[PDB]
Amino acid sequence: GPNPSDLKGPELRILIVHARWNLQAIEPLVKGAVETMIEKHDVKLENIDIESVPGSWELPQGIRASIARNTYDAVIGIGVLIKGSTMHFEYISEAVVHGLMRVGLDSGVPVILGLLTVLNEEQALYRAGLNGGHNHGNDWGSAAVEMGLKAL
């Protein structure tokens, strides 16, 4: 499984952009990422910006717009895509993931992937720390801090 770090980033500025489809799963993820950065990495509450966009499709664009306006040491993109009856899931999952990798590489700002691509709601909730699962948001918080520091 994952192997996080014990790094401190009191001076890091971190941006979190999350979609709003499936808020039930999004909230615990955001909260986990924030709590872990503060309590475990000494990031300051004032240095964490939180923005939202309607859906996962908008994540790469929202992130790109925000890092052009302000300066961040790392960004976490959070969203939940659930397979439905159409091929929508397959095609936008791929476009969004590609989009996030591009924004990070174009800008030089680490973009941490907080995108869940699941078959059903249960899988999402389970990865958000509910029903006995592990909250992946925590890992994302630690990844952001680590990448923020290594980025300089």
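Note that residue numbering begins at 1 and tracks the sequence as displayed.
> Please compare 54-62 with 40-48 and say which has the higher mean C-alpha temperature factor in the record.
Going by the record's values, the stretch with the higher mean is 40-48.
> So which stretch wins on mean C-alpha B-factor, 84-92 or 63-71?
It is 63-71.
> Would you mind ranking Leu130 by its C-alpha B-factor against the rest of the chain and naming the third, lowest, middle or highest?
Ranked within chain, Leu130 CA B lands in the highest tercile.
> Can you work out whether the C-alpha temperature factor of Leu15 puts it in the lowest, middle or highest third of the chain?
Bottom third by C-alpha B-factor.
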